[PDB]
Structure formats: structure tokens, C-alpha cells
Amino acid sequence: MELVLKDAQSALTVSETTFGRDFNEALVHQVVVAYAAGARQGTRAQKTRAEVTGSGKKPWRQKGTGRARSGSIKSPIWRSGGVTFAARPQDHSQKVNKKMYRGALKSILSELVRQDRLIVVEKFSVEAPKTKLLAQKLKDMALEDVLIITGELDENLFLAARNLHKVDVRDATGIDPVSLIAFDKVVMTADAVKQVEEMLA
Amino acid sequence: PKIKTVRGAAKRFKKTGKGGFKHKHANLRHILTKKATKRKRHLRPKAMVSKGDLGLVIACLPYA
Amino acid sequence: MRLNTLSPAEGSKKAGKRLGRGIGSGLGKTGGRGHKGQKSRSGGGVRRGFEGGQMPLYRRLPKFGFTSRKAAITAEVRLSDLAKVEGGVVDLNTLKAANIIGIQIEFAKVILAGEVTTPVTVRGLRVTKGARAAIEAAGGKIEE
Amino acid sequence: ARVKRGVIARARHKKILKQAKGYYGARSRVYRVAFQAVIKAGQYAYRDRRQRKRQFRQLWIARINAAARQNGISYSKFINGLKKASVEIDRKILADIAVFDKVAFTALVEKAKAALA
RNA sequence: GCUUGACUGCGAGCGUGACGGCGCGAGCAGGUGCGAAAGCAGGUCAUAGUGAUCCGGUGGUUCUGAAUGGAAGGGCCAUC
RNA sequence: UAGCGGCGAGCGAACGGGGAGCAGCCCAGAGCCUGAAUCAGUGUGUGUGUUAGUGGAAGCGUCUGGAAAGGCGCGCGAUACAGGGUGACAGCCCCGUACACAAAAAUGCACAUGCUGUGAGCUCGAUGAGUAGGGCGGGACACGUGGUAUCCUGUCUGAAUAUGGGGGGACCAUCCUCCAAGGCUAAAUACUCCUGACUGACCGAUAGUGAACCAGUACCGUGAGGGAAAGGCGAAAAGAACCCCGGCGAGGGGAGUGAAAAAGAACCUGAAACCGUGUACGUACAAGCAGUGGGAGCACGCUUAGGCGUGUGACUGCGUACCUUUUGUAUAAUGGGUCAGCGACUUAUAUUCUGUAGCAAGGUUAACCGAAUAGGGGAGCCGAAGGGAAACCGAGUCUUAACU
Ligand SMILES: [Mg+2]
Ligand SMILES: [Mg+2]
Ligand SMILES: [Mg+2]
Ligand SMILES: [Mg+2]
Ligand SMILES: [Mg+2]
Ligand SMILES: [Mg+2]
Ligand SMILES: [Mg+2]
Ligand SMILES: [Mg+2]
Ligand SMILES: [Mg+2]
Ligand SMILES: [Mg+2]
Ligand SMILES: [Mg+2]
Ligand SMILES: [Mg+2]
Ligand SMILES: [Mg+2]
Ligand SMILES: [Mg+2]
Ligand SMILES: [Mg+2]
Ligand SMILES: [Mg+2]
Ligand SMILES: [Mg+2]
Ligand SMILES: [Mg+2]
Ligand SMILES: [Mg+2]
Ligand SMILES: [Mg+2]
Ligand SMILES: [Mg+2]
Ligand SMILES: [Mg+2]
Ligand SMILES: [Mg+2]
Ligand SMILES: [Mg+2]
Ligand SMILES: [Mg+2]
Ligand SMILES: [Mg+2]
Ligand SMILES: [Mg+2]
Ligand SMILES: [Mg+2]
Ligand SMILES: [Mg+2]
Ligand SMILES: [Mg+2]
Ligand SMILES: [Mg+2]
Ligand SMILES: [Mg+2]
Ligand SMILES: [Mg+2]
Ligand SMILES: [Mg+2]
Ligand SMILES: [Mg+2]
Ligand SMILES: [Mg+2]
Ligand SMILES: [Mg+2]
Ligand SMILES: [Mg+2]
Ligand SMILES: [Mg+2]
Ligand SMILES: [Mg+2]
Ligand SMILES: [Mg+2]
Ligand SMILES: [Mg+2]
Ligand SMILES: [Mg+2]
Ligand SMILES: [Mg+2]
Ligand SMILES: [Mg+2]
Ligand SMILES: [Mg+2]
Ligand SMILES: [Mg+2]
Ligand SMILES: [Mg+2]
Ligand SMILES: [Mg+2]
Ligand SMILES: [Mg+2]
Ligand SMILES: [Mg+2]
Ligand SMILES: [Mg+2]
Ligand SMILES: [Mg+2]
Ligand SMILES: [Mg+2]
Ligand SMILES: [Mg+2]
Ligand SMILES: [Mg+2]
Ligand SMILES: [Mg+2]
Ligand SMILES: [Mg+2]
Ligand SMILES: [Mg+2]
Ligand SMILES: [Mg+2]
Ligand SMILES: [Mg+2]
Ligand SMILES: [Mg+2]
Ligand SMILES: [Mg+2]
Ligand SMILES: [Mg+2]
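Structural data, given as C-alpha cells:
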């Protein structure tokens, strides 16, 4: 298949197996939720009955007092006691097979083309590293929420888009499954399409 | 951590082609004059673990 | 395809078994454990192979055999693995470079599994009768 | 993700304390007692749904009996006569005519009298 | 009277057992013993006379033998 | 895994491979040599940080409102839309943030750099003795004395010393490899009393540190030691001038402030148990898990002025709580005075099986590299071949001298 170019009115050819396959919601979902799981810091901890500050003295004798038997001031039943199953810092990252991460991106890229959310331009940059510049540039192109994928990391385009919340500037190697779905439109320079062409293979 | 093999079972059971286990027959270590040859001859080849005892062996040999 | 419109496959996210959370759940009260046993205690349960004190199966049966150290350094090679080598020479060294046998294997044997469809020369590897016929039927030759 | 039980336990306890309105003592203001009262009231209502249909047929039969005997026939002969005459009016309606239409009931007893005789 | 079948290695098929096991078994080899031969003999009319595994002992062995040749040790078979 | 193991419970390597990080040396001593490299100290610089700081963009009108940052309208900044405060939610009100600068003095680091101190090289040498080894008793080696190598030594002894000696898992021969009985040595590695910044599918006052609060305090113990409870007015005290009852009280009613005082300091919200005042109905001839089915009467709301809704419930049928444990409980068997808050199948790794997804005779990487959730990394693991104790054979193999 081929993708039309808005900037130059030419055409660019791409693999059908990358930008033209069927959407795999089951596969895309697993990779997406595994991306959000890898963003978890997972830093937290409660105190078990062994870590609560306090002594091991039995509060009162086993028999004769008329009270329910107790053995520790730190029992999870008691207030100011331990947590029964106190959490530890844990790693929530999942393993995503290489053929699934690449397989999920191909389904995401293919669905962007089907929904007319991926548009290809010959080049995309700003003359000066001013935020007011590409803000005006995106008005001309009629874009509000947009992800720009460039072949090479442009410093002016990166700085000029940093303060725009609904604009994200990446490079062809910094593509992630979530950001492709999370943005209304995706702008790929013709160089960037070639790199993901040979990255997703 | 890794499950630990019951080392005593690994010395007595070997896993065959279709997932079964073969074991050596008991009653052939000593006191053999008083045993008929037919009884001992049938007791020489290895046998397969029965259906009831497969659960207790698979548990003891997680890496079989 | 939005971040709030993609859902898992039907039947791939079976919900966990929450134990001891009321009558209606079917798992309340004892939580699948029954009444008043050792198996119903926290941490209770007998070890692997225990049969109540009767001599367990892995102890009333005799041990047999010995572990051979030569079988740890001997491998078997299939006919379908002969094309994986580079250069058409299936030797002991050209077979480790193709990741066909372990780096510390010293004896290899080519058996009749798969099929040979290219002429290859096998040096120093024992070849079964069935594999020798097939290797020579593809124009290959076997060297001692 | 710690979950606090205050809001949902408040609503679950109020849910049945509202069902325990009118009960005496702790059965209408104490949850532990009110839960048992609400459950027991549910058991009673279920079984009296099935014995409301008996307590009313007993009432109808007794009223048909009383009205038929004023016309010179017992209940057992009255019902048997109605079956012979092929009258399908049931106890709820027979006991309704007996109270609100005395003339129709006695004109209906004579229907059973002829069938038996 | 003569003898050593109170054989060797397998056994279709069965009975019992939760299992470990325990039985009955015609038939195939290889070598026998009685009978003229048809045969029958793998202990005793049958059912009790028993003890798993581990650990070792003794004899044998086309197995293994921690650089290599041996060996020690282990394995397998018979047995205590 | 191989092994060790009342061969039980269990313990559990190494060879080898992939990575991070790599660094070598000098005293068992004399000749020339020459202050020679590598080094330790100190000063002098030249940079770069640390210990204060400086500048730092861009908004107005109108509506509700106690108050605007909110709604609506029109603008501007953005290498600054991190964050915080401001009378409700602020890119443009304030503090900041991106960015660009700054050190009199002290000080870390990195080079150059003189001085002080030791020493670089070539030849000739030499080659750690109560030591290696052994006996006895123990210990460490994954290895529990086992056929047990190897290491350490409490006690007895005890070499060869380079034509020599150690190891290669009893031991011997051959071969290979190395040179003990003398030392030094960075990096990769472990931890956080402490300092700074940042982060959290961590908690939010019975939680989170024992301690959000003048907490290791009050209090308890002779002592070691144990060890709490306890947060929130309001935007701003504007924290109630003054009057009245009262003991020149406590407490309260007005007045006033405030958006709000039923926000009044016992102060946001103000639940439940529990305790009252008022109203409607029932209730002093009536027997029991107190309800439920039927049901009159009374009061009350009606908006078709219509039967219904709501409250009560005379009378009446039926009806001995809940949990647990049990063959079986109203049981006079257990537990619970009630309310509110908390309280019990979790987490990590490994293995097996189901569902689902990707690839498919292949699947997949771990550590690590990489800013990279990418990509590299195929070391390995599982599978495609099994039989046998094993050598070994192989769609066969073992069994047997051989199997129909
Ligand atoms: Mg003590
Ligand atoms: Mg706590
Ligand atoms: Mg990867
Ligand atoms: Mg034996
Ligand atoms: Mg059940
Ligand atoms: Mg119980
Ligand atoms: Mg029991
Ligand atoms: Mg049980
Ligand atoms: Mg326990
Ligand atoms: Mg016993
Ligand atoms: Mg490999
Ligand atoms: Mg929370
Ligand atoms: Mg109430
Ligand atoms: Mg058979
Ligand atoms: Mg003869
Ligand atoms: Mg006899
Ligand atoms: Mg007898
Ligand atoms: Mg024993
Ligand atoms: Mg022993
Ligand atoms: Mg040999
Ligand atoms: Mg050897
Ligand atoms: Mg050796
Ligand atoms: Mg031997
Ligand atoms: Mg290495
Ligand atoms: Mg300033
Ligand atoms: Mg400013
Ligand atoms: Mg106004
Ligand atoms: Mg405004
Ligand atoms: Mg407010
Ligand atoms: Mg010594
Ligand atoms: Mg020795
Ligand atoms: Mg041993
Ligand atoms: Mg030695
Ligand atoms: Mg030595
Ligand atoms: Mg030396
Ligand atoms: Mg040395
Ligand atoms: Mg040292
Ligand atoms: Mg606290
Ligand atoms: Mg609070
Ligand atoms: Mg004191
Ligand atoms: Mg006042
Ligand atoms: Mg006074
Ligand atoms: Mg006063
Ligand atoms: Mg006012
Ligand atoms: Mg209020
Ligand atoms: Mg407030
Ligand atoms: Mg209040
Ligand atoms: Mg209240
Ligand atoms: Mg009255
Ligand atoms: Mg009376
Ligand atoms: Mg009365
Ligand atoms: Mg009474
Ligand atoms: Mg009575
Ligand atoms: Mg009713
Ligand atoms: Mg009754
Ligand atoms: Mg109980
Ligand atoms: Mg009893
Ligand atoms: Mg009863
Ligand atoms: Mg009692
Ligand atoms: Mg009781
Ligand atoms: Mg009690
Ligand atoms: Mg309680
Ligand atoms: Mg469990
Ligand atoms: Mg599948």
C-alpha cells in the first residue's frame, strides 16, 4: 500500500504487513496494559507483626483473667498492631514477547491508517526554537492533539513543543504502543516512516 | 525458589516415553532361596507405576 | 482504537478465587477447607510422598542403576539438523558453531529423524544404519 | 490501595434497619438483633404466602358450610351436588355469593339439590 | 525300578489387591529324567511355614572406571 | 544436575559458557647505573564544582457569588502549562519554573607544575624448614569416613629442596600443568546514622513511624525495660463592644462581627449505639423468639374529591433467635451487652494443568549493553527420539544363546 503526503502531495510506499494488517485487539490490549504495568514504581511497604515497634511480652497470662487469650501487642487483630499481609516493594513489569510488541505496533499503525489518524509529511520542523512557532504551524495543519515522529531528534522542534501539553515530539526509535493510541493524530515525516518500516520489519 | 527433587525417588523411578515411570520390583534383594524361580524371574524386569501411585510420584519428581 | 476502548480477549482474564467472603460466594466460612483437620490448618498438610506412616512408594521400592558420565557428553543429531551447518561439513566442531549440540559434547550420533536433502560430509560422527542410508541417498558421504 | 469500609457498611446496616421498622426493642434499632428479625420475617412471609391460600380456603369452606346448612344441606353434599350439576364456581365466589347474594345462593343450592335427587 | 523338571529364559491369558505386591497358567526356545510311546515332570493333595527398603558381605560379568592405562568404587546377575 | 544423606528429613556443587570490571608488582642481593619510571607530601597555577545569591515572560471586560482563580468574550507569553499560595479551580496576582548569570573567603576534584622523600634499567644470582608429608583427635570442603582426594591444625613426629617438589578425587605408572612454606595491590561488589533533589495505581489521624500534637513524653517498674491518648473555628480574630438573669460565678438570652454562630473557641462535616421533649395510634382479664398471613377501628395527605397512600394495630391462624460443633440443639452445649472503626487464603520464586494471545518444528531469551518499556544479547532452557543400569544401539531398543 501507499500513504499520501499532505506536504508534498506525493505518495510513499510501505509494507502491507506493517501498515495494512488487521487489528488485533486482544494482542494490542495485552501489550498496552503491560506498558502501563512497567510504568509502576511499586515502592510501598507496611509493617508485619514482626516489624511493628513493640516487645514480645505476652500482654496477660494464658488463663484466669477472663479475657480472650493474647500473645503479642503486635497482633494484626489489635489496633496499632501489624498488617496481616503487609506489602513489600515489588516489580510489576510484565514480559512482552518481541514478536508481540512488534506485532502489537503493526496492528496499532495499521489501525491509525484505517482511522485516518496517521498523516505523513515530507518534513516537519520550525525555523527557530520558539513555542509560538509550531503552535502557529499546527493551526495551519489543523491539529490540536498530535504526536510528531521525526527521523532524527530535532532540537528546535523538541524545545518548541515542550510547553504544549497536547503535543509530543519523538524520534522513530522512541515509539511506544501507548503514545500512538493516546494522541488524536500522529504525524510521521517520510524519514520516520522508513525507520519504523525497517524497525518493525 | 526451585522445587527440590525428592532425591530418594529420583534413584528409584525413571520417566518413560509417554510420561509414565518405570521402577524396580521389590522382593528381590535377599531371602531368595525360599522363593520359587518363577516368582523371581517375573520379578526381574522393570515395571510401570500404577495409576493410583502416579500422583505421589509426579509430586516427588517435579523435574522428571 | 482509543486508550479506553480496547478490551482483552473473551475468557482470558478469569477472576481470582476470593476465599472466605460471605455465604453467597460459595467460598465463605471454611473457604474450601472442610472441618477440623490437619489439612484445614494454616500451613497444615503432609509433605510430598507421605502416606500416613506407611512406608512410602519411593522407599519400599529398591534403587537401581547408576548415572553414566559419558551420556552427559554424548548427543544425538537429526537429519533435519544437517542443513543447519555452514559449509556442508557436519563435523563435531562445525556442529557446535550451528548451536546443534552443546559446547561440551564430545560424541555425537546422527539418527534417522527428519530427512537429508543436501549433500553433506559427516566426519567423526557415528551414523546409524537408517541415517547412513539417507545421507548417502542425498549424495552425501560419511567419513570415519 | 487501602479501602475504608465506613461508607458501604453504613449503607448496608441502614438497608435492613429500615426493613426492621415497627419492631420492638433492639429489633428495630440494633443491627445484630434487627438482622435476625429481618431474616426471620422473611422466612415467615415466604411460608405464609403459601398458607395464606389455605387460611382463606378454610374461611370460604366454613362460610359455604354455614350458608348451605341454612338452606337444608351440608357443605359436603353441596359441593358434590355442584359437581354432578357441572357448576364450576369455586369457593372464593361461592363464599362471596353466600354473603352478598342470599337469593342467588339459595337458587344455587336448589341446583345441587336437583343433581343429587 | 530308574532318576533330579525341587531345570535355565520368557510367557498369550487370567484371578486377587488402594498400592507395594501375591497367585494360576497352556504354550514357545535350550538342555534333560522316567516310559515301548500316547505322554508328564518348571517341587510336595491344595490352602499357614513369613519380613519391604536402606546398609553392607560373598561369587560371576561383552557395563562404568573423574587426564590416559589400570585399579578402588559403582552397576547388573546369583545369593547371604 | 553430579553427588552427600538414620541414602530419611533434607543439604547441594563444580567443569564449562555468557557478562560487569580489568593491573600488575616487589623483598628473600651484589655489580655498573643514576636520580631515570611509578609513587607519598607540599606549594604555584589553569579549569570545574560545593558552601550565600541575581535577573527571569505574558490579562483585561462582564455574570453569579461573602470572595473569582469559575461561566461567558476578546487578547498575550511559552527553551517558562513542574509545583505552591492567594477569600471557589490562575500559564499571564505572588513565590517560582525554563533559561542566562554570580564568590571576598574557605574547600573538594582534574591537569600542568617546581621542591622534599624512596627509587628506574641490564648482567650475575638466589628461590621462603619444624615447612610439605605422615600417625592420633577434630573441623571446612555440596561431600555425615565412606573406596575419599583437597584444605586448617590440638598432639607426636618429619623430608627433597629445581638432577627437586605440588596437583590432576583411594592408589600406582605415564603424561600434562604449576612452583607452597614472604608480602602489597585500584575497578566491578555490600550498606545508609546522615545531606540535597525528585518520584509513587504507598497511608491519610484506630491508617502511616510508638510519636502529624513540646513522644520515647505522660504513666508503669527497684531495675533492665514497657509505653500511650491526643490533628481541623473562620478567607481574615473580624475570638462576641454593650444590655439582661445569675454568686462582681458557671451557664444562658439579646446586640454585634461574619457568607454562615445550628462555624463561639467542649468550635469543618457531626453517623450509630444510648438518653429525652412533643404529636398520632395502641395499651390496666392478659400468657411464651415479639414476627408473619388476615384484620376492624382511629388519626392524617390527597392533587379525579376518588379510593388509595402513610402512622398505629383490637382481634385472629401459624410460629421455641443467630453462630459454632455435631448422629442430632429452642436446647438448660459454645460465643456475643450494644454501636462505630479495624480484623483473617496474601507475597516471592519454581513446577503442573486450564483459558487466552503471539510465533510455530520451532518457541524464547537471562545477566548485561543501551537514556531508551525500543533495539542488541540465543549464554542457555524447553521441544522435535526412544530403549537400556550402562557401554551402546536407534524408529527402534532391552530382555535372552534366540525369541513367532
Ligand atoms: Mg521471654
Ligand atoms: Mg501500624
Ligand atoms: Mg529485550
Ligand atoms: Mg542383589
Ligand atoms: Mg458450599
Ligand atoms: Mg471451624
Ligand atoms: Mg474430624
Ligand atoms: Mg479435612
Ligand atoms: Mg502458624
Ligand atoms: Mg510404623
Ligand atoms: Mg548453545
Ligand atoms: Mg485512600
Ligand atoms: Mg430508630
Ligand atoms: Mg500381556
Ligand atoms: Mg527313552
Ligand atoms: Mg507327598
Ligand atoms: Mg499338605
Ligand atoms: Mg533404616
Ligand atoms: Mg548408615
Ligand atoms: Mg575402560
Ligand atoms: Mg582414569
Ligand atoms: Mg585420576
Ligand atoms: Mg569391579
Ligand atoms: Mg568469565
Ligand atoms: Mg530573584
Ligand atoms: Mg516572574
Ligand atoms: Mg454580585
Ligand atoms: Mg475570570
Ligand atoms: Mg470554600
Ligand atoms: Mg600437614
Ligand atoms: Mg593423608
Ligand atoms: Mg558413601
Ligand atoms: Mg594426589
Ligand atoms: Mg599439599
Ligand atoms: Mg617457593
Ligand atoms: Mg605467592
Ligand atoms: Mg591482602
Ligand atoms: Mg497513630
Ligand atoms: Mg477526621
Ligand atoms: Mg520512677
Ligand atoms: Mg454573649
Ligand atoms: Mg460569692
Ligand atoms: Mg458569660
Ligand atoms: Mg450580619
Ligand atoms: Mg449546620
Ligand atoms: Mg472548610
Ligand atoms: Mg461541629
Ligand atoms: Mg443521632
Ligand atoms: Mg380500652
Ligand atoms: Mg376472667
Ligand atoms: Mg381490655
Ligand atoms: Mg407475660
Ligand atoms: Mg395458655
Ligand atoms: Mg397484612
Ligand atoms: Mg402458636
Ligand atoms: Mg459460636
Ligand atoms: Mg454429643
Ligand atoms: Mg428442634
Ligand atoms: Mg457448659
Ligand atoms: Mg445456649
Ligand atoms: Mg456468654
Ligand atoms: Mg465482638
Ligand atoms: Mg495456601
Ligand atoms: Mg495457542
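Chains as they are written, first to last, in the entry's author numbering: chain E, 1 to 201; chain 7, 2 to 65; chain N, 1 to 144; chain S, 2 to 118. Note that beta-carbon positions come from the ideal geometry of N, C-alpha and C, so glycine has one too.
Where does residue i sit, in a helix, a strand or coil, going by DSSP?
| i | result |
| --- | --- |
| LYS106 (chain E) | helix |
| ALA71 (chain N) | helix |
| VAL28 (chain E) | helix |
| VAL88 (chain S) | coil |
| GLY26 (chain S) | helix |
Comparing C-alpha positions only, which one of the options sits nearest to residue i?
| i | options | result |
| --- | --- | --- |
| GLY140 (chain N) | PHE50 (chain N), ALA83 (chain N), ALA97 (chain N), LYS96 (chain N) | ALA83 (chain N) |
| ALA37 (chain E) | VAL193 (chain E), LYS194 (chain E), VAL178 (chain E) | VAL178 (chain E) |
| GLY130 (chain N) | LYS109 (chain N), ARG123 (chain N), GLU143 (chain N) | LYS109 (chain N) |
| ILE94 (chain S) | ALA42 (chain S), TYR32 (chain S), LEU60 (chain S) | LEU60 (chain S) |
| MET1 (chain E) | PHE158 (chain E), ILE77 (chain E), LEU180 (chain E), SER110 (chain E) | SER110 (chain E) |
| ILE148 (chain E) | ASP140 (chain E), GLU155 (chain E), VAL167 (chain E), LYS130 (chain E) | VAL167 (chain E) |
| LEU29 (chain 7) | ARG45 (chain 7), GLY20 (chain 7), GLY53 (chain 7) | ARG45 (chain 7) |
| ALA60 (chain 7) | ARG48 (chain N), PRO8 (chain N), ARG59 (chain N), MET55 (chain N) | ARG48 (chain N) |
| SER75 (chain S) | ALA86 (chain S), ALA63 (chain S), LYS85 (chain S) | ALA63 (chain S) |
| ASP7 (chain E) | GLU144 (chain E), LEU143 (chain E), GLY71 (chain E), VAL121 (chain E) | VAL121 (chain E) |
| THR5 (chain N) | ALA11 (chain E), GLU197 (chain E), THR13 (chain E), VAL33 (chain E) | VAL33 (chain E) |
| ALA75 (chain N) | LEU61 (chain N), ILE101 (chain N), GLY53 (chain N) | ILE101 (chain N) |
| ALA115 (chain S) | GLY26 (chain S), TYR47 (chain S), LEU83 (chain S) | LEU83 (chain S) |
Output the boundary residues of the beta strand (DSSP E) element that contains residue i.
| i | result |
| --- | --- |
| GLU143 (chain N) | 141-143 |
| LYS109 (chain N) | 107-110 |
Given residue i, which residues of its chain have a CB within under 6 Å of its CB, disregarding the five upstream and five downstream residues?
| i | result |
| --- | --- |
| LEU133 (chain E) | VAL126, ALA160 |
| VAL89 (chain N) | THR121 |
| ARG102 (chain E) | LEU200 |
| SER40 (chain N) | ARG33, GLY34 |
In chain E, which residues lie less than 9 Å from residue i when you measure between Cβ atoms?
| i | result |
| --- | --- |
| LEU3 (chain N) | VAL32, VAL178, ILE181, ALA182 |
By the criterion of Cβ-Cβ separation under 8 Å, what are the contact partners of residue i in chain N?
| i | result |
| --- | --- |
| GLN115 (chain E) | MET1 |
| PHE23 (chain E) | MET1 |
| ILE149 (chain E) | The premise fails here: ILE149 (chain E) is roughly 17 Å from chain N at the closest Cβ pair, so nothing lies under 8 Å. |
| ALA27 (chain 7) | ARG60, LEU61, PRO62 |
| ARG40 (chain 7) | Those do not exist, as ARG40 (chain 7) stays about 16 Å from chain N at its closest Cβ, beyond 8 Å. |
Closer than 7 Å by beta-carbon distance: list the chain 7 residues that pair up with residue i, in chain order.
| i | result |
| --- | --- |
| residue 191 (chain N) | Lying outside 1 to 144, the shown extent of chain N, residue 191 (chain N) is not represented and no answer is given. |
| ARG48 (chain N) | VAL7, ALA60, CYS61 |
With residue i as the anchor, note down where its alpha helix (DSSP H) starts and where it stops.
| i | result |
| --- | --- |
| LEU159 (chain E) | 155-162 |
| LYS112 (chain S) | 103-117 |
| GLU197 (chain E) | 190-200 |
Which bits of chain N does residue i rub up against, with CB to CB less than 7 Å?
| i | result |
| --- | --- |
| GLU111 (chain E) | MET1 |
| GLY9 (chain 7) | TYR58, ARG59 |
| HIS24 (chain 7) | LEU61 |
| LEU57 (chain 7) | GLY49, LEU57 |
At a CB-CB cut-off below 7 Å, which residues of chain E make contact with residue i?
| i | result |
| --- | --- |
| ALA9 (chain N) | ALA26 |
| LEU6 (chain N) | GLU25, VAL28, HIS29, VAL32 |
Considering only residues of the same chain and omitting the five flanking positions on each side of residue i, which have a CB-CB separation below 7 Å?
| i | result |
| --- | --- |
| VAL39 (chain S) | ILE17, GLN20, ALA21 |
Given that residue i touches chain N, what residues does it touch there, using C-beta distances under 9 Å?
| i | result |
| --- | --- |
| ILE108 (chain E) | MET1 |
Can you find the residues in the same chain that come closer than 8 Å, C-beta to C-beta, to residue i, ignoring five residues on each side of it along the sequence?
| i | result |
| --- | --- |
| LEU55 (chain 7) | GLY21, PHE22 |
| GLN30 (chain E) | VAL96, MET100, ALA104 |
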